[PDB]
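**Student:** My questions will all concern the structure given below.
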Ligand SMILES: [Zn+2]
Ligand SMILES: [Zn+2]
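Residue numbers (the entry's author numbering), protein chains in the order written: chain A, 1 to 27; chain C, 1 to 27; chain B, 1 to 27.
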């Protein structure tokens, strides 16, 4: 027979990091 | 033959949006 | 046949959450 099947998809990535700080507050 | 290994890891995720605006300065 | 090859790339992940708040506005 042929080679075995391709493996499964790779591991999921993890969630990204928090975004930047928000804008400084208004005067 | 058996299945192959899992594939390559998923690509790194993106940062979130900027956070909330800060509050006003003093009156 | 032989063991199969590695699978396809893993999936992308969610972006991160909103960042920290900005600081108070100025005096
Ligand atoms: Zn064969
Ligand atoms: Zn085989």
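Each residue gets a CB set at the ideal place from its N, CA and C atoms; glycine is no exception.
Please tell me whether, using a cut-off of 7 angstroms, the distance from the CB of residue 4 of chain B to the nearest non-hydrogen atom of ligand 1 is below it.
**Tutor:** no
**Student:** Looking at ligand 2, does it come within less than 7 angstroms of residue 1 of chain C, judged from the CB to the closest heavy atom?
**Tutor:** yes
**Student:** Going by other Cβ atoms of all chains shown within 10 Å of its Cβ, with 16 needed for buried, is residue 1 of chain C buried or exposed?
**Tutor:** exposed
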